[PDB]
Amino acid sequence: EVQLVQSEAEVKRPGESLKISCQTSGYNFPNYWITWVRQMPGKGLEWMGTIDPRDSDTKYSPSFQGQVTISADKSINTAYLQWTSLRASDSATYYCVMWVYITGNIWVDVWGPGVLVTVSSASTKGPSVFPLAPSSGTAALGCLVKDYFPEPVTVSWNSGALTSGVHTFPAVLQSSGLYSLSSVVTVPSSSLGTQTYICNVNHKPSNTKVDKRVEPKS
Amino acid sequence: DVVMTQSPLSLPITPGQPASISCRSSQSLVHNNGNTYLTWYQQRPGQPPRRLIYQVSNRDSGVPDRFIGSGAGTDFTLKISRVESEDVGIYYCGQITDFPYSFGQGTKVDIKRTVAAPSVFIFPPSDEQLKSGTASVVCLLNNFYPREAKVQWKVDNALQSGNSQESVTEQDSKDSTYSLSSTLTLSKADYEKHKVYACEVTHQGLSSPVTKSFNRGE
């Protein structure tokens with residue numbers, strides 16, 4: 001089966017350059033094009049441009065021309081998208097898409113896995129974990145995972161054993177340029193005296209593991 | 001040159017029922033040879049897009065018969081015959097006839113279920129976070145449907161603006177509900193100069209808005 005391999009997630013600073021890559025795997029012939037598509041979080045798909053690897057002919061969207069360059073290396077079945085000068089607005093997911101054609105308009109359409117590009121002035125920081133303590137049926141408790149960079153953070157409860165009724169919200173970007181999320185769990189109120197609940201927070205870019213026990217306090 | 005308009009933006013479907021997604025172009029998509037080359041994509045949550053339909057109605061390999069593409073000229077439709085749990089996600093029409101290429105804005109298909117009111121909980125800031133100099137107060141809205149909701153913050157019976165941030169989970173696989181967090185961020189100083197902290201929640205499944213509150217220090 002044909003498939004595209006994309007380079008790994010990038011964290012960059014405003015003004016730096018960046019080249020991301022896309023490699024065809026398991027397709028022989030040269031009857032294909034490679035196009036790059038941007039998707040902001042929560043937003044739709046945007047065509048950025050298309051390259052014919054055979055002659056390196058390119059077509060650019062008018063909205064991205066002069067911000068990016070598309071290139072191809074047939075010798076290794078790889079295509080590239082590069083910026084000279086990144087901006088925070090370039091924080092998005094970028095897909096390369098292979099269009100295998102028959103001047104014809106009919107092809108087959110293989111998408112890559114996407115790569116997340118984070119452009120920000122923040123530096124790596126591990127989270128502070130705070131308890132969202134249950135109070136005075138069904139009770140709610142949780143952990144606030146505050147002030148970390150970059151994404152992602154993984155959260156589990158009781159080392160993966162507590163799974164149902166768990167809601168880990170997607171993180172939001174604070175004005176500090178740090179991320180913040182919470183994870184909550186609804187539990188039977190009787191269980192709050194008999195049981196123990198610990199959130200396990202993993203932020204691997206800073207090698208931070210935190211286990212915080214959320215207890216009702218008074 | 002060509003502008004694609006897609007409707008509706010969101011589409012609640014009862015499982016087993018059909019979904020119809022529309023896509024209109026600002027000029028006829030019929031190429032100079034007499035053929036039309038509109039495509040449709042599906043993006044499952046967290047997944048790359050995959051092409052379903054090309055050339056208006058032809059289906060790509062492996063895509064089931066219940067995806068039916070139709071249309072002519074400027075008016076095109078994707079019909080999903082019997083929407084099931086695996087079809088939740090965003091659908092995009094794709095125009096590659098005329099340069100510049102573009103995608104519709106996307107139609108989010110979710111699962112219709114009976115209205116469920118949010119269960120609301122409020123969390124005061126931990127004393128650990130207060131020693132850090134910042135107070136986060138969290139309002140949790142748990143397991144509601146539909147997605148529309150509004151939360152509003154009041155401090156010492158004074159409405160707040162511009163100091164809160166929201167986050168929403170995607171549709172839960174089991175119960176088809178959403179949950180929402182809103183976080184109110186104050187300085188420690190500001191937090192201690194006030195007494196009662198409350199969040200008000202408005203949702204189709206509530207007859208009147210609900211308020212959860214606490215008194216700092218109680």
Side-chain angles (χ1 to χ4, degrees), chain A residues 4 6 35 37 39 43-50 59-63 93 95 97 99 105-114 128-135 137-142 144 146-147 164-165 167-175 180-184 186 212 214 217-218, chain B residues 6 31 33 35-37 39 41 43 47-51 54-55 58 60-61 90 92 94-97 99-106 119-130 132 134 136 138 140 142-143 165-170 172 174 177-181 183 185 212 214 218:
Chain A
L4 303 191
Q6 287 190 238
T35 89
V37 170
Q39 177 172 54
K43 319 298 205 129
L45 278 39
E46 311 171 77
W47 174 66
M48 301 165 89
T50 297
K59 294 158 143 55
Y60 286 96
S61 159
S63 286
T93 295
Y95 297 99
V97 194
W99 285 346
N105 325 95
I106 52 180
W107 47 80
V108 182
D109 186 313
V110 182
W111 287 60
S128 293
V129 191
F130 302 117
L132 302 167
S135 90
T138 166
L141 52 100
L144 174 75
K146 248 207 86 189
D147 290 356
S164 288
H167 286 122
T168 303
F169 299 94
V172 295
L173 187 51
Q174 304 173 109
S175 85
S180 178
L181 67 86
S182 35
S183 186
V184 304
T186 39
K212 177 127 282 201
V214 192
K217 270 294 176 100
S218 148
Chain B
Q6 222 180 303
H31 195 262
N33 49 54
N35 309 343
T36 310
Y37 302 92
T39 47
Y41 300 89
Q43 190 170 32
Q47 213 58 29
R50 63 167 108 207
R51 194 181 64 176
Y54 59 99
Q55 280 205 109
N58 288 344
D60 284 288
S61 303
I90 306 177
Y92 304 93
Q95 184 292 121
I96 296 120
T97 312
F99 161 97
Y101 309 153
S102 73
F103 294 93
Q105 323 70 51
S119 319
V120 187
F121 311 74
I122 193 181
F123 301 99
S126 51
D127 290 313
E128 329 177 13
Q129 190 194 11
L130 296 164
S132 98
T134 291
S136 313
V138 181
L140 158 72
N142 213 17
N143 295 79
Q165 298 195 90
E166 270 178 28
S167 178
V168 190
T169 55
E170 270 286 286
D172 179 286
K174 294 172 230 184
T177 71
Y178 308 87
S179 309
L180 182 145
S181 83
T183 299
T185 311
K212 299 290 171 165
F214 67 88
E218 192 135 288

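Because only heavy atoms are used, hydrogens play no part in the values below, and waters and symmetry mates are left out as well, while side chains stay in. Chain letters run A, B, ... following the sequence lines, proteins first and then strands; every chain starts at 1.
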### Query
Are B:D127 and A:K217 close enough, and set up right, to give a side-chain contact (heavy atoms from CB on, under 4.5 Å), and what steps lead you there?
CA-CA 11 Å; B:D127 290 313; A:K217 270 294 176 100; over 6 Å; no

### Task
Show your reasoning for whether side-chain contact (heavy atoms from CB on, under 4.5 Å) applies to A:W107 and B:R51.
CA-CA 11 Å; A:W107 47 80; B:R51 194 181 64 176; 4.1 Å; yes

### Pair B:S136-A:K146, side-chain contact (heavy atoms from CB on, under 4.5 Å): steps then yes or no
CA-CA 9 Å; B:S136 313; A:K146 248 207 86 189; 3.6 Å; yes

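Atom CG of B:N33 has more than 12 heavy atoms from other residues, nucleotides or ligands within 6.0 Å.
Heavy atoms of B:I122 lying under 4.5 Å from chain A are absent altogether. Looking at A:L141, only its backbone comes within 4.5 Å of chain B, counting heavy atoms on both sides. Neither the backbone nor the side chain of A:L4 has a heavy atom closer than 4.5 Å to any heavy atom of chain B. Only the side chain of A:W99 comes within contact range of chain B, with heavy atoms under 4.5 Å apart. With a 4.5 Å cut-off on non-hydrogen atoms, A:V129 touches chain B through its backbone but not through its side chain. Contact of A:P131 with chain B is made through backbone and side chain together, with heavy-atom distances under 4.5 Å. With a threshold of 4.5 angstrom between heavy atoms, A:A133 approaches chain B through N, CA, C or O but not through any side-chain atom. Both the backbone and the side chain of B:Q129 come within less than 4.5 Å of a heavy atom of chain A. Residue contact with chain A, scored on non-hydrogen atoms closer than 4.5 Å, involves the backbone and the side chain of B:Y101 alike. B:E166 touches chain A through its backbone: at least one of N, CA, C or O sits under 4.5 Å from a heavy atom, while the side chain does not. Of the atoms belonging to A:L144, it is side-chain heavy atoms, and not backbone ones, that fall under 4.5 Å from chain B. Residue A:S182 touches chain B through its side chain alone, counting heavy-atom pairs closer than 4.5 Å. When heavy atoms are compared at a cutoff of 4.5 Å, B:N143 approaches chain A solely by way of its side chain, counted from C-beta outward. Using a 4.5 Å cut-off between heavy atoms, B:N35 does not touch chain A at all. Heavy atoms of A:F169 lying under 4.5 Å from chain B belong to its backbone as well as its side chain. Heavy-atom distances place the backbone of A:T138, and not its side chain, under 4.5 Å from chain B. Using a 4.5 Å cut-off between heavy atoms, B:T134 contacts chain A through its side chain alone, with no backbone atom that close. Of the two parts of B:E128, the backbone and the side chain both hold a non-hydrogen atom closer than 4.5 Å to a non-hydrogen atom of chain A.
Looking only at heavy-atom pairs under 4.5 Å with chain B, the residue among A:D109, A:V37, A:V108 that has the most is A:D109. When B:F99, B:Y41, B:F123 are compared by the number of non-hydrogen pairs under 4.5 Å with chain A, B:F123 comes out ahead. Of the listed residues A:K59, A:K43, A:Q39, A:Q174, the one with more heavy-atom pairs under 4.5 angstrom with chain B than any other is A:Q39. Counting heavy-atom pairs under 4.5 Å between each of B:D60, B:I96, B:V138 and chain A puts B:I96 at the top.
Between the side chain of B:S167 and the backbone N or O of A:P170 there is at least one donor-acceptor pair closer than 3.5 Å.
Taking NZ of B:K174 as the start and OG of A:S164 as the end, the distance is 3.0 Å to the nearest 0.5 Å. Considering OG of A:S135 and CD of B:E218, their distance stands at 11.0 Å, rounded to 0.5 Å. The distance from the OG1 atom of B:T183 to the CG atom of A:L132 is 8.0 Å, given to the nearest 0.5 Å. Note: B:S102 OG to A:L45 CG = 11.0 Å, rounded to the nearest 0.5 Å.
For B:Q43 against A:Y95, the heavy-atom pair with the smallest separation is NE2-OH, 3.4 Å. For the residue pair B:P100 and A:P62, the shortest heavy atom distance occurs at CB-CD, 3.9 Å. The minimum heavy-atom distance between B:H31 and A:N105, with the atom names listed, is NE2-ND2, 4.1 Å.
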